[PDB]
Amino acid sequence: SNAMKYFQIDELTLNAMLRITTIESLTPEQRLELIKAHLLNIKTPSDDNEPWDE
Amino acid sequence: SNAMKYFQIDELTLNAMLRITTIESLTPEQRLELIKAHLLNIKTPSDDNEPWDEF
Amino acid sequence: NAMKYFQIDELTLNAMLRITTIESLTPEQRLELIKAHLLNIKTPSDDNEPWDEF
Amino acid sequence: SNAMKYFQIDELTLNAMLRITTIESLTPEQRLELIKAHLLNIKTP
Amino acid sequence: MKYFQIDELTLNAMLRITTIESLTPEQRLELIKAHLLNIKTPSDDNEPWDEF
Amino acid sequence: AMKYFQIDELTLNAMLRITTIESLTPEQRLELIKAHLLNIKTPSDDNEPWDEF
């Protein structure tokens, strides 16, 4: 196909996700849960129920 | 004016990263390393290329 | 790699809208003024002090 | 109160408006109205 | 989007605070927090609920 | 005649919380606050000292 869907990630969110991967105060599964939350917000940007949205 | 950088991610890569967070046969740490590799791939300039004559 | 967005404050946008309705300027004059405003949005000021550490 | 409202416009949208200003087959009034419609779509999309 | 404006006087005060070694780190942090809360409050004049 | 600097709401909220997070020593909290203040004064594409990217 000549066609593909794209999503936008701001630089602050990309950098935040990179930092989350090695935050040592969180278990690895807690890090994955925060990463998944960010990826879902990228996929549906109007979601305003995130842990950082409070 | 003020000006903000953004990155574009294709849907296949976004969905792959979503899937990777819950792949049961990779440990959480392995999933995070695969996540990190995808995120660095997006961050790192794709093409601005090695000239070799500095070595 | 990156792509970029420009951030227009509401007053800047409203100024451009007001220019479009000034009837004693010809339409071409109003276009030229809006062009000049659009060109200024695309240019950065970046007049920050260069601090490399602190 | 210390907070400000901003609109985000991608570079391709900005450059499209710049190019409308020199479409010489449209009258100046037509170009101005097309640019106004794009500006209003930024303000209330 | 929603941005806040920080005046240079406030930004320079917060940078200077970080350097005052005769104050403890917690005192410096609390002084910076006060300035940041002053910038933030209220985030919306019509929704001043950070003010009770 | 005064210079103003823009900060997004999320970063401002994060700096407020960073000032007290218990997972960082007080000196670490002050270092991370300083790195944020440095990027308001002199933007760097959101570079911070602890970053490995």
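Per the deposition metadata, X-ray crystallography was the technique used to determine this entry, at a resolution of 1.5500 Å.

A. Seen up close, the overall build of chain A. On a plain count of helices and strands, chain A comes out with two helices and one strand. Ordered by position from N to C terminus, the α and β elements of chain A give β-α-α. Relative to the compact-globule value of 10 Å for 54 residues, chain A shows a C-alpha radius of gyration of 13 Å, a clear excess of over 25%. In terms of principal-axis extent, the alpha carbons of chain A reach across some 45 × 25 × 20 Å. Across the 54 residues of chain A, 37% fall into the buried class. On chain A, roughly 3,300 Å² of surface is accessible, and the fraction owed to carbon and sulfur atoms is 49%. Positive and negative side-chain charges of chain A, numbering 5 and 10 respectively, have mean locations separated by a distance of 10 Å.

B. Structural detail: the environment of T10(E). Residue and element names in this part refer to chain E. The residue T10 is located in helix α1 (residues 8-18) in this model. Owing to a relative accessible area of 16%, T10 belongs among the buried residues under this scheme. Measuring from C-alpha to C-alpha, the distance between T10 and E21 comes to 19 Å, with 11 residues separating the pair along the chain. When near neighbours in sequence (up to four residues on either side) are disregarded, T10 contacts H35 and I39.

C. Looking closely at the side chain of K43(B). Tracing the backbone through its elements, the reader meets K43(B) in helix α2 (residues 28-43). In this structure, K43(B) is in contact with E11(A), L14(A), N15(A), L18(A), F7(B), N1(C), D45(F) and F53(F), ignoring residues within four places of it in sequence.

D. View of the nonpolar core. Among the nonpolar cores identified, the biggest contains 22 residues, and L11(E), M14(E), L36(E), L37(F) and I40(F) are the most heavily contacted of them. Mapped by element, the contributors of at least two residues to this core are β1 (2-7), α1 and α2 (25-40) of chain E together with β1 (4-8), α1 (9-18) and α2 (26-41) of chain F. When residues of this core are assigned to their parent elements, the largest contribution, five residues, is made by α2(F). Judged by nonpolar contacts, the second largest core, of 20 residues, contains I8(C), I19(C), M17(D) and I42(D).

E. Inspection of the side chain of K34(F) at higher detail. For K34(F), the location among the structural elements is in helix α2. Sequence-distant contacts of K34(F), that is, excluding residues within four places in its chain, are made with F54(C), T18(E) and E27(F).

F. Region of the structure containing the packing of helix α2 (residues 28-43) of chain A against helix α1 (residues 11-20) of chain B. Running from N to C, α2(A) and α1(B) point in directions that differ by 150°, and their axes come no closer than 10 Å. With respect to each other, α2(A) and α1(B) are oriented roughly antiparallel. Both α2(A) and α1(B) take part in a crossing whose hand is left-handed. Residue-level contacts link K36(A), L39(A), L40(A), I42(A) and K43(A) of α2(A) to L14(B), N15(B), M17(B) and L18(B) of α1(B).

G. Representation of a negative patch on the surface. Residues and elements named next belong to chain E. Taken together, the side chains of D44, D45, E47, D50 and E51 make up a negatively charged region of the molecular surface. Inspection of the secondary structure assignment puts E51 in the segment after α2. Owing to a relative accessible area of 48%, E51 belongs among the partly exposed residues under this scheme.

H. Local environment of unusual backbone geometry. Cis peptide bonds are those with omega within 30 degrees of zero, and the linkage from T41(E) to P42(E) qualifies with -5°. Relative to the helices and strands, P42(E) is located in the segment after α2. Of note, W52(B) is a non-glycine position whose phi angle comes to about 75°, a positive value. Within the fold, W52(B) resides in the segment after α2. The exposure class assigned to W52(B) is exposed, which follows from its relative accessible area of 61%. Even without being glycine, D46(F) reaches a positive phi, approximately 65°. Its place among the elements puts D46(F) in the segment after α2.

Definitions and limits used
- Residues numbered from 1 in each chain as written, not as in the entry; some residues may be left out.
- Chains lettered and ligands numbered in written order.
- Heavy atoms only, no water.
- Helix = DSSP H or I, 4+ residues; strand = E, 2+ residues; numbered from the N terminus.
- Rg over C-alpha atoms; globule rule 2.2 N^0.38 Å.
- Buried < 20%, exposed > 50% of the residue type's maximum accessible area, 1.4 Å probe, protein only.
- Areas by Shrake-Rupley, 256 points an atom, 1.4 Å probe, with all protein chains shown as cover.
- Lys, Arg positive; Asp, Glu negative; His and termini not counted.
- Charge placed at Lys NZ, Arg CZ, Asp CG, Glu CD.
- Contact = heavy atoms within 4.5 Å.
- Core = buried A, V, L, I, M, F, W, Y, C linked by side-chain atoms within 4.5 Å.
- Axes fitted to C-alpha atoms, helices over the stretch in contact; angles between N-to-C directions.
- Parallel < 35°, antiparallel > 145°, perpendicular 65-115°, else oblique.
- Left-handed = near helix turned anticlockwise from the far one by under 90°.
- Patch = residues over 30% accessible without salt bridge, like charges linked within 9 Å, V, L, I, M, F, W, Y side chains within 5 Å.
- Salt bridge = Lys/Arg side-chain N within 4 Å of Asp/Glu carboxyl O.

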